[PDB]
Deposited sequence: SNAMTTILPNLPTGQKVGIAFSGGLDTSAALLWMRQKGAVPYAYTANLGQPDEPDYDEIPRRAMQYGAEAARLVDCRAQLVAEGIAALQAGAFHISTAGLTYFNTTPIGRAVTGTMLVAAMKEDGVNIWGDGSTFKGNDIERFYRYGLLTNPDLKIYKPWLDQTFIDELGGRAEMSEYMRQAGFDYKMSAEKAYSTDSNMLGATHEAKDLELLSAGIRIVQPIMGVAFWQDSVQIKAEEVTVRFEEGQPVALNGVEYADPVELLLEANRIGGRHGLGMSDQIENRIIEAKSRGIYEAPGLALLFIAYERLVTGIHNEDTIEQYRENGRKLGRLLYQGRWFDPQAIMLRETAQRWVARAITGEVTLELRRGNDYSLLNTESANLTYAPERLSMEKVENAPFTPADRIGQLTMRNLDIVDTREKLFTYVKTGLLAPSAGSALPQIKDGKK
C-alpha cells in the first residue's frame, strides 16, 4: 500500500507547505491529531508570492516539527530551458501554445521536496492533490521515483479529515479555535497555480466556455484585451549561445534565473504568450485553462526563429514530432522516464547546441509582435549562395534542375496509375483528376 487512507499517528509526515488555508489547517490538524508534520516550502519564484521567508515561520507557529524553504529556482529554470530546447509542448490551439509550466513545476517540486524529506528521515508525504486532477498522479510518480520507500497520505481519504476540515469555512474556524486568525485571500472567479515559468487559471467561472480571458486578472503581465490599457511598443533582442539564453537587450546574464526574471518583465508589459486551451487530462477527460508565460513565450519565439534559419527540414520535422511526444510525457508526469530522456537529450544536443545567434522583435499587445532581425554565424539561410548573377559561382545550372525533374517521371507514372486503380476499386470518382468521394 502506497496510499495511506488514515492519518499516520505517531509518524513523521512531510507537507508540501504553500502556506494557504488548505496546508495551514492540515498541518495544525496533523499536529493536534498525533502525527509529526514537517513543512517543506518550495521557492519557485512565484510571481504572486511576496515573502517566502514568512512561510516556514508560520509553519512553526502551526506546530511543524521543523520547517524548511527549499530553493527550487535554478532547477525550475534549467528544466524550463530544457523543455524550450526540445519544444516539449503538446497543448496548442491554432499554434498558440501552452508551455507546460505546471508539469515542469511538478517535476521539480516532486523530486526536490521528496528528496528534502528523505534527508530528514521523512518517508510519508501528506499530499492533498485532488482525486480528479493531473497533479495527484505527477506527484505520485515523481515521489516514488525519488524515494522508493515513500508512502503518501491522502487526507481526503480520511473521514476524520473530511468531517472536521470538510471545507474552507470549517478550516478557517478550526484555525480560529486554535488561536490563529487566518486571513483569507480575496475570492476570485477562478483558481490559479503559478511559478516563475508561468501561471495557470482554471475552474469556477472558467469552467464555462462562454467565459474566458475577459474575466482574468493576469499576474505575470497586463490585461492587453482591455482597449483602455496603454501598452507602449518595445524592441527586444534575445541572444542564445549553444541553445542557452544568455543575453537580453545586449546585457549578458551569468545567472539564467535573472535572465528569465527579466524576460518575464519584458513579455509581461505586453501580455505576450497568453492563451486559452481546452486540453485532455491524464484521466481522459477535458479541462479548460487560461495561461500566462511571458518570458518563456519571448524565448520560444527567438529559439524557434533561429531553428528555422539553422536546421534542415528533416531535423526540424524530428524536433517538432519529438517535441509533441515529449510534451505529452511531461504532462503525464513522465519527464524523467527513459522514453522522455531519449527525446529531451536528442534536442538538447543536436538541435540546441547549434542555436547561437540573436533575434530582434517588436512587441505590441498580446501575441501581436513583429520580427525585425535574425542573426547567426550558424545560419544555413544564405541567399547569396543561390545567387545566379555570376554563373562562375552559381551552385547549379538550369540544365542541372532539368535533370533533377526528369528523375521524377517513373514515380509520377506510378501515381497516375494508382489514381486509375482507385477509380476502378470505387475509392475515387471518375474524371481534371479523379475526386475524393464525399
Parts of the chain sequence, as deposited, that carry no C-alpha coordinates in this structure: 1-4, 436-438, 446-448
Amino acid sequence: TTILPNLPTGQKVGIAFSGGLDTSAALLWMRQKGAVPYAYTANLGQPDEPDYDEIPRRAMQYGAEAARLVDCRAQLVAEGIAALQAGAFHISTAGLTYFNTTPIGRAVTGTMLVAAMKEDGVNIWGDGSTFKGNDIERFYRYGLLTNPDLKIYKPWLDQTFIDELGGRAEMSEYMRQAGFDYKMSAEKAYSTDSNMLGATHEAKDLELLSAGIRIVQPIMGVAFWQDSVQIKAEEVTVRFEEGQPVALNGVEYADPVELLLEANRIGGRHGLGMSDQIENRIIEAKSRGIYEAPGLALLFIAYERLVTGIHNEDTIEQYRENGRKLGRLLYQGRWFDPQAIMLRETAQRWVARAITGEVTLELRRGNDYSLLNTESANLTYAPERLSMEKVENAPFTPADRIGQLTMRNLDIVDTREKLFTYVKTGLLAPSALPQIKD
From here on, numbers count along this sequence of modelled residues.
Mean C-alpha B-factor comparison - 329-337 and 117-125, higher one: 117-125
Average Cα temperature factor in the PDB entry - higher stretch of 220-228, 300-308: 220-228
Member of 65, 375, 411, 51 with the greatest C-alpha B factor (per the PDB record): 51
Selection from 371, 42, 391, 36 [criterion: highest C-alpha temperature factor in the record]: 391
Cα B factor band for residue 253 (lowest, middle or highest third within the chain): middle
Residue 207 - which third its CA temperature factor falls in, relative to the rest of the chain: middle
Assigned third (lowest, middle, highest) for the C-alpha B factor of residue 283: middle
CA B-factor placement of residue 168, once the chain's modelled residues are sorted into thirds: highest
CA B-factor placement of residue 352, once the chain's modelled residues are sorted into thirds: lowest
